[PDB]
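Counting from 1, the numbers follow the sequence of the chain as shown.
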Amino acid sequence: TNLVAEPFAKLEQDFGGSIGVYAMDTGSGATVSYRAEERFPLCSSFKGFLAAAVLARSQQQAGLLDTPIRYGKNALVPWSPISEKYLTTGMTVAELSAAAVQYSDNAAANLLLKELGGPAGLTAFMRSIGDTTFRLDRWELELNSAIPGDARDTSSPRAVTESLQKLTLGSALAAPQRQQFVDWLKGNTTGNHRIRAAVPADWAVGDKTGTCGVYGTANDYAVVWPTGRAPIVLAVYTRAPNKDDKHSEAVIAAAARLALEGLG
Ligand SMILES: O=C(O)/C=C/c1ccccc1B(O)O
């Protein structure tokens, strides 16, 4: 029997679906795991790894991040509030990346995906940092279908956390690019009711949300800095068996609380 797991099992049973959790305390090496190696749909949470892949490319292409992109209306997608606002202005690669991370801007995400060689190009970047689980197969908005048993556009909580650690705290990006990725995540506007709701107000947090909507499917991953202590990296993913099952932000926050409590 697994006593650590029992509160997570109770939470997912009340939710009416499955919750996947992985958390790492980078100071002690302690972990918390619940369904940590199961696949869950990425939804918009791929956009954080997208921005990291762009930062990696910018290391060897001088001025890439500073480059303005002047897209047309044909590039717009529902829920692209920054791309629409700057349609008559244009946006730099850095501004598109920040919009994808911090507002989940769909047009910005698809524009950057195209620059990288599409979903396959992002998947190849994730392979290059040692992530063998991540796969992106489709673009916005098709990638949100979240069909039970479909492995397209999925990863695991453990692989998400491991890759997030490499990119925000490890050596997968050069230091100026690692710092920019952290700065973008810290400025996220979409996650105030998820992992951020589970951490003390005085701690620093960078996160990226995802919401497929269908099949009760939504998620959040984050790097968390308790004041003066080594950071924690964690991921919380959900899904449910029926198409019209509703996702829950409160369940994600409650799972994040249990993860922080279970760490040594
Ligand atoms: O960031 C989120 O939680 C939701 C972003 C979003 C919004 C509209 C359509 C698709 C997505 B995403 O999850 O792919």
Legend entry - Close side-chain approach of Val223 to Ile232, heavy-atom, < 4.5 Å: no
Legend entry - Main-chain N/O of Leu185 paired with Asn188 side-chain donor or acceptor, under 3.5 Å: no
Legend entry - Validation row: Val101, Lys47 side chains within 4.5 angstrom (heavy atoms): no
Inset, instruction - Could you tell me whether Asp245 and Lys243 have a side-chain N and a carboxylate O separated by less than 4.0 Å? - result: no
Legend entry - N/O donor-acceptor pair under 3.5 Å between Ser156 side chain and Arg39 backbone: no
Legend entry - Of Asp220, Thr209, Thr211, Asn219, the residue whose pairing with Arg194 passes side-chain hydrogen bond (donor to acceptor under 3.5 Å, both in side chains): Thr211
Legend entry - Verdict with reasoning, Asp207 to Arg196, per salt bridge (charged side-chain N to carboxylate O under 4.0 Å, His left out): CA-CA 8 Å; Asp207 82 293; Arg196 285 173 193 270; 2.8 Å; yes
Legend entry - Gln61 atom CD: more than 12 heavy-atom contacts under 6.0 Å: yes
Legend entry - Side-chain donor or acceptor of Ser33 paired with backbone N/O of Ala36 under 3.5 Å: no
Inset, instruction - Looking only at non-hydrogen atoms, find the nearest pair between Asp131 and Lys166 and report the distance. - result: N-NZ, 4.4 Å
Legend entry - Residues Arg57 and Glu115 bridged, charged N to O under 4.0 Å: no
Legend entry - Main-chain N/O of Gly264 paired to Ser28 side chain as donor or acceptor, under 3.5 Å: yes
Inset, instruction - Taking the side chain as every heavy atom from C-beta outward, state whether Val21 and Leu234 have any pair of such atoms under 4.5 Å apart. - result: no
Inset, instruction - List the steps and the verdict of side chain to side chain contact (heavy atoms under 4.5 Å, CB included) for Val205 and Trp225. - result: CA-CA 6 Å; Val205 175; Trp225 289 263; over 6 Å; no
Inset, instruction - Measure the CZ-CG distance between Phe181 and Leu173 for me, rounded to the nearest 0.5 Å. - result: 7.5 Å
Legend entry - Check: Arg257 side chain, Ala197 main-chain N or O, donor-acceptor pair, under 3.5 Å: yes
Inset, instruction - To the nearest 0.5 Å, tell me how far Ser83 OG sits from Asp105 CG. - result: 3.5 Å
Inset, instruction - Tell me, with the steps shown, if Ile129 and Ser163 meet side chain to side chain contact (heavy atoms under 4.5 Å, CB included). - result: CA-CA 7 Å; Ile129 70 172; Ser163 287; 3.9 Å; yes
Legend entry - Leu263 CG to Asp25 CG distance, which is reported to the nearest 0.5 Å: 5.5 Å
Inset, instruction - State whether the side chain of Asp153 and the backbone N or O of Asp137 hold a donor-acceptor pair below 3.5 Å, judged by distance alone. - result: yes
Legend entry - From OG (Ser18) to CZ (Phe8), nearest 0.5 Å: 14.0 Å
Inset, instruction - To the nearest 0.5 Å, tell me how far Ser155 OG sits from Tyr221 OH. - result: 10.0 Å
Inset, instruction - Please work out which of the three classes, parallel, tilted or perpendicular, describes the rings of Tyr237 and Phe40, given edges at 30° and 60°. - result: tilted
Legend entry - From CE (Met24) to CD (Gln165), nearest 0.5 Å: 7.5 Å
Legend entry - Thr189 side chain to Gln102 backbone, donor-acceptor under 3.5 Å: yes
Inset, instruction - Verify the neighbour count for atom OH of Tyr86: are there more than 12 heavy atoms of other residues, nucleotides or ligands below 6.0 Å? - result: no
Legend entry - Exercise: identify the closest heavy-atom pair between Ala172 and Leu167: CB-CD2, 3.7 Å
Inset, instruction - Taking all non-hydrogen atoms of both residues into account, name the closest pair between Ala255 and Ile19 and its distance. - result: CB-CG2, 4.1 Å
Inset, instruction - Determine, stepwise, if the pair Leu55 / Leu65 fulfils side chain to side chain contact (heavy atoms under 4.5 Å, CB included). - result: CA-CA 8 Å; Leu55 283 164; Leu65 249 60; 3.6 Å; yes
Inset, instruction - Verify, without hydrogens or angle tests, whether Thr92 (side chain) and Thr67 (backbone) share a donor-acceptor contact under 3.5 angstrom. - result: no
Legend entry - Smallest separation among heavy atoms of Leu87 and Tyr71, with atom names: N-OH, 3.6 Å
Inset, instruction - Test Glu140 against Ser80 for side chain to side chain contact (heavy atoms under 4.5 Å, CB included), laying out the working first. - result: CA-CA 11 Å; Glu140 290 287 4; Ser80 303; over 6 Å; no
Legend entry - Backbone of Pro157 reached by a side-chain donor or acceptor of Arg35 within 3.5 Å: no
Inset, instruction - Identify whether the distance between the nearest side-chain nitrogen and carboxylate oxygen of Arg158 and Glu162 falls below 4.0 Å. - result: yes
Legend entry - Under-4.0 Å salt bridge between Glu38 and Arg239: yes
Legend entry - Close side-chain approach of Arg138 and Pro119, heavy atoms under 4.5 Å: no
